[PDB]
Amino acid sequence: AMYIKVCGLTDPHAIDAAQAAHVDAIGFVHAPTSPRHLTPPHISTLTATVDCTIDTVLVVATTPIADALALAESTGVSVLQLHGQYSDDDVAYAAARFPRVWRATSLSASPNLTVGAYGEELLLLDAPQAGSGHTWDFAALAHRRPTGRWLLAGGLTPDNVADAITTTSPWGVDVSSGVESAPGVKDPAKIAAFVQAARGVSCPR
C-alpha cells in the first residue's frame, strides 16, 4: 500500500478532484501565515463534504495546542497534524486528548525519527531539497527512513513522485505545492496526474 495525502485544499473544486483520484487523505490548513489558511467555519463546512473513504486532517502550525485540539473537535476532522514548531510535550499532550495525532518534522531539524516516540500515530518527514536536481536524491532519506508509519514530503510533484517512491519506498506521500496552479489553489489535473504517477509504481497501466 502507498498512502496518498493531498494537503492544503481550499475549495470543493479541489475536493472533487481528490475524491475522483481516490486519495487517502485531505489536509485543511489552519495557519494564518500560510496561503492555504482556512478559518474555522470554512474548515467545518469543507470537512463535512468529504466522504468516509478519505481521512480529513486539520493541519496547524502556530495555534496554541489546547486551541488546536478544540478546533479538531469542532471541525470534525479525523486527524490533527502538528507542524514542526510544536514541542515534543505538545505532541504528547495532544495524543492523550485526541484519537489520531500526526507529528510533522523536517530532516534539517535533526528530528527524532522513531514513529510514536511522543504518542503520534504517524510521522510526516519533509525533505524539501531532495528534489532539487534532475533525479530524486534518495541518499537524503536512506538510513533515516522510519520503520513505522510515515509520510514523505519535500516538494513532490507529478514530475518527481514516481522516482521518489521507487527509490525511497515510503509508507506514504504528502503533496501540496506540487499540485497547485497558485498558492492555495489546487489544480484538478495535477492531482490526477500525481496520483497516476504515484500508483503507477506498484500498479502501472
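Numbering starts at 1 and follows the sequence shown.
Colleague: So 157-165 or 132-140, which one's hotter by mean CA B-factor in the entry?
Modeller: The stretch with the larger average C-alpha B-factor is 132-140.
Colleague: Given the B-factors recorded for C-alpha atoms, which segment has the greater mean, 92-100 or 109-117?
Modeller: Stretch with the higher mean C-alpha B-factor: 109-117.
Colleague: Which one of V23, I191, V185, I15 shows the biggest C-alpha B-factor in the PDB entry?
Modeller: If I rank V23, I191, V185, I15 by C-alpha B-factor, first place goes to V185.
Colleague: Within this chain's modelled residues, let me know which third the CA B factor of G172 belongs to: lowest, middle or highest.
Modeller: Within its chain, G172 is a lowest-third residue by C-alpha B-factor, going by the deposited values.
Colleague: Where does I43 sit by CA temperature factor within its chain: lowest, middle or highest third?
Modeller: Its C-alpha B-factor, which the entry lists for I43, ranks in the lowest third among residues of this chain.
Colleague: Which third, lowest, middle or highest, does the C-alpha temperature factor of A198 belong to within its own chain?
Modeller: Within its chain, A198 is a middle-third residue by C-alpha B-factor, going by the deposited values.
Colleague: For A66, return the chain-relative third of its C-alpha B-factor as stated in the PDB record: lowest, middle or highest.
Modeller: Tercile = highest for this residue's CA B-factor.
Colleague: Please place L82 in the lowest, middle or highest third of its chain according to the CA B-factor in the PDB entry.
Modeller: Its C-alpha B-factor, which the entry lists for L82, ranks in the lowest third among residues of this chain.
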